[PDB]
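Written out below as structure tokens is the structure these notes cover.
First chain written, first letter: the chains are A, B, C, D, E and F, and each begins at residue 1.
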Amino acid sequence: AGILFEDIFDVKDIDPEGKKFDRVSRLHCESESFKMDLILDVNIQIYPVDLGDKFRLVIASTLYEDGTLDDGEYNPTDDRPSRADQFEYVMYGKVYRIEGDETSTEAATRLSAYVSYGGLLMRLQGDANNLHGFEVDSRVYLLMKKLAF
Amino acid sequence: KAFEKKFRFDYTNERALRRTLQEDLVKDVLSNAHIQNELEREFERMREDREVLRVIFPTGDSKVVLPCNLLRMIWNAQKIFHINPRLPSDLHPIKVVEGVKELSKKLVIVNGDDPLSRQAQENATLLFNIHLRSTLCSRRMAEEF
Amino acid sequence: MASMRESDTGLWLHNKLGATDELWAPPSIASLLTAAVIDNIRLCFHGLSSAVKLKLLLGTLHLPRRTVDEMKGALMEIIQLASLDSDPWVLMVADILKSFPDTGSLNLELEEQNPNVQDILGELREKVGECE
Amino acid sequence: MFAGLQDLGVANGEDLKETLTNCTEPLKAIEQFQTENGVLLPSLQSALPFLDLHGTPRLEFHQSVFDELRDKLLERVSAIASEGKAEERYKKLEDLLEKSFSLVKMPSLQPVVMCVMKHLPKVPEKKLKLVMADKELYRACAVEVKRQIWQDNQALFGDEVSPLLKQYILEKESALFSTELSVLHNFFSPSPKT
Amino acid sequence: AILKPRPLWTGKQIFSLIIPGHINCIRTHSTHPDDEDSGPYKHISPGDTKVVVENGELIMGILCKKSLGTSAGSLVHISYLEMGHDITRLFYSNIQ
Amino acid sequence: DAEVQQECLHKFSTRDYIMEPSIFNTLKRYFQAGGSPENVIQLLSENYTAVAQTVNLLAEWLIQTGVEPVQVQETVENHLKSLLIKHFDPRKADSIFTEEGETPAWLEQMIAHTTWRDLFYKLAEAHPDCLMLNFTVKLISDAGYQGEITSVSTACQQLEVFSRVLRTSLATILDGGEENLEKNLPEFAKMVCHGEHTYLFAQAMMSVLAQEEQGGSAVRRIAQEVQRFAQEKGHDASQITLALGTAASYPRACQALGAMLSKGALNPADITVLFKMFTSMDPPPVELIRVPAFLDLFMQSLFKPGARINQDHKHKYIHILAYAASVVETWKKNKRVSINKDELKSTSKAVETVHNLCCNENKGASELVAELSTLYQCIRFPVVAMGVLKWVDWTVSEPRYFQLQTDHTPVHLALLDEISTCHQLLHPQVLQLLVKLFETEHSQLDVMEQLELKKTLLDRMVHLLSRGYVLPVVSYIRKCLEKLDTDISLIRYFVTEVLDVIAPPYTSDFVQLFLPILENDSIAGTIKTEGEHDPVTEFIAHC
């Protein structure tokens, strides 16, 4: 499998500081079940979104269901089954920072995973239970798909 | 107070030791009195170096020029050896202290065993040794790096 | 999503909702209500203590609208089964919540052989009439 | 160790033994002595069963209560030495001293007597004379009591001073006859202040 | 960095190949607000400032003369200190 | 019996063994063993101490010297409490109570005090399994001290008693007015909101009573106080309140408001949704969005300095606020009849102008005064005036504002006077802001500017008194004078101006609150001056 995290998000806000870049838009989203905050940079030119939209976000370690753990090089001539066939927006990046409310005595209840998709940043802030597949300096796929419900 | 809380590495609290060190090491650093004495001597030498620094550097200018960028080397080691700074590590603090002490022997500017030569060598690398001991502390190697 | 048996379901409910100090139903109840547990409550509701019933009924409202939409019939069943408990608290709460899955609102009926409600409503209404 | 208790009415071990010697049933008399004559508080009587239950006898907390009341008395009188009207409170301390001069002979309450004597600026002369008669009472007395004692005791004052004079002579003759034959260190070398 | 609906790379992704070896460097852009480091979004810059390079990969930030120029601690300086001089020469040529 | 006699003799050798609690048992065992008691007597001769009698003797010594006997008894009892906690064992207590089988009178003495009852409560909590603790609890309940037993959580678990307590508390609240509601609110709210079930039932009955349009405002205020208290405790039930109302016909609005109140922030998406639906031909119930928490968050967003809001949705925000505040609806039997939207264009323009003035912190106060005509024109609406006072509240809440404030009698206080004049309901908020300013003791400015600011605040609160808001202002002055946190010159000038502006006759409450004000020597020895018009002498003579 390799599904590090899966949930349903709705776009609660678009970039509040203004459009710093024309093609890239900042999104502040909330969860539905686990109630965790999300900040994401998206290529708004090719995948336009607006306020009030909902989408399924499935962070996955690999696109292959059998979990063969590909190296991470571009090989378009690959006929193996992939998760991207059932998702509209796919990004590939690496997680570079993990925060938390860690104390010197007891553990952390909230975590914050920072991932960079080659420049486009995403921060997933939530309770520590739902964020366990995130280990710093590891590759991650985004795999979000809009919902019509 | 901040200096003491950042460079003491107290061996009294057990929960913090479990959080930062493996179980095979926390019992060793909790039961052995020799290790605690070594740690206290290390902190005292750090305090003496702090006094020396405050004497040499008035106006509180903490920017200095030194040969080796210790923080960048620590970062490089962290990225090379895949530290994962979230789980307790396997590094006895006495290993850090002994390593720093033996490293200070090798970095020589004045070569010789004469007391005059010894004093000159100690003076030549004084600032770098102070910086190295303030960077490779027992607590920092277990709580920050 | 395993089928948790009646004694096992009661043990699970009295362990997760057994915090008497937590008279407030924790937000975790939103994730503590699934299809299997609600389905299996049909037999373990007899052995639940009154505090457990009150906590579960108060947490039943802290659910997503889509979850309520997809889990209607089981929740109607649990409401009708809660309407047959010794504590009138559960009876009244289930009676009002029977309309929650249908329209999203809470029913409003009082003074129906409820002496404390009768006294409270009468005295507060007459006092408000005195100090209108 | 328990002399002088009989004067104030608090029976000591001597009379306790003399009574239990010719009593067939010590239990009832002991109970009435510890309850009526002792702490006449229903709270302590209700506490007694619990302290029996723990296995720690009534001995330990009775001793702790006695010691803490002794400490509270001494600390309270220490505060008293600097609060209230000076003359009236001094006379009250004198009254406490004349009451406790019967119990001065029992060491478990002797520190109370010595503390009161220390606090009082001028101890009555008869009490000072009786204290001077015993060595332990004299040594236990503070510097104020010693000052009050020495003002009228010529021979005692001279005898107390004499060992210090002998020590001064010994150290002077050790300095005059010292092997350090150096110019910088002689008999008169230290400054007068030193 | 993007696979669907069309495979598109990013300038930072391509520049990560130019950076030699495994170089770790942190700089700040010329137009970096000072108050940004105070509140939230410290590690996720809205203005794409705070250049960060880990393992010789440009994670985030916009490069200017503050990080590629003739200043102490610049990217070329870290390249010369960590790698040799031949590697730095290749770095210059590849960038150009 | 050699071992028994030897162990008994060794026990007797311990310092003061005679007052053992088993000395009866030990001596009975010794007598059974055949040991003659003369050795015991001889050993206890030197082995006795009056650790029970001379304690009392020192007690009367302290009493004679001047110490209170009550304090001595309290110290003795506290030491007994501590030594009993550190020397308690329950199981053997159960054994001895099974041996006895009767109700102990010494246990009655044990319970007779409050501290020892608290010790019993602690023991019962620590050792629930033990029998004597439950027996003591039931004895306490039978003796009439069941109230001292833990009842904060017991009240929640009881239906009818809690219902009667709620009924009596609310009846007393409505009897004594807001002054008594402020007193009865803490305990009643804590009892209701400590248990979630109690909170739900209480909110249900308050909502049911508030259904009546006649006098339901008080019931709705009670429900709002209860829900605010519940939210302040970390328990969120706003979605429950929305489900209580008529939000079924508008699920979108209910979901939006629930999310907004749950996360406690202002998001453009839900506000856009609400603007779209409310501006449409079928607006939802306006009363649903009239929750004080939402409006407080909205004022935090658009008035507090440092808060940034979307400029592209600012018009939608203003329209939502105007509809929630100024647009009126008629309801008969909970049925929507007509909608008055007159206060929608001018009101929204005023809101926009006031928000632009307040959130433009770079502009100086002089520029704001330069538009005083428009400021006064817009400040005449209740929501806008309250928002202005809130903006001033955060703006002056910064301690450095007084350093940047270069007027003895600034314009902010004039706006406060305008707020007090404009609306009567805003008087408590003006009073709270003035109390916050006056209680703010400054250690970073000269005392002279503090004195000027306090004199100006006294003028403002005199104005508050003049407009009918007398009782709280007079009570606050009385409290300040009896607390010595105000300069005597300030009090003298305040009272002089009060008696200068006001004229007889005076109500019973006013004279009852003001006679002790003159009773203080700090006013009698200062304001009383030789003149034809002496306010203190006049007020004394007229009463």
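Quick note on the criterion: contacts are C-beta pairs under 8 Å (C-beta built on N, C-alpha and C of every residue); 3 or more make two chains touch, one makes a residue touch a chain.
The chain list, named the UniProt way, goes like this: A = DNA-directed RNA polymerases I, II, and III subunit RPABC3; F = Negative elongation factor C/D.
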Any chain in contact with subunit B as well as subunit E: A
Central chain of the complex, centres being mean CA coordinates: F
Approximate Å spacing (C-alpha centroids) for the pair subunit B, subunit C: 60
Computed distance of Cα centres, subunit C from subunit A, in Å: 37
Centre-of-Cα separation between subunit F and subunit C, whole angstrom: 31
Gap in Å, rounded to a whole number, between the CA centres of subunit E and subunit A: 23
For subunit D, residues that touch 2 or more chains besides their own: none
Overlap residues in subunit B, where contacts from two or more other chains coincide: 79
Chains grouped in pairs wherever the two touch, ordered by label: A-B, A-C, A-E, A-F, B-E, C-F, D-F
Complex interface listing, subunit A residues touching subunit B: 98, 104-106, 135-137
Contact footprint of subunit E on subunit A as seen in their complex: 15, 17, 20-21, 26, 39, 43, 46-47, 74, 76, 84, 87-94, 96-97, 99, 114, 116-121, 123, 137
Subunit A-facing residues of subunit B, complex: 13, 15-16, 19, 79, 82, 84-86
Touching residues (chain side subunit B, partner subunit E) in the complex: 69, 72, 75-76, 79-80
Contact set on subunit F toward subunit C in their complex: 153, 156-157, 159-160, 163-164, 166-167, 170-171, 174-175, 194-197, 200-201, 204-205, 207-209, 211-212, 214-216, 218-219, 234-236, 239-240, 243-248, 251, 254-255
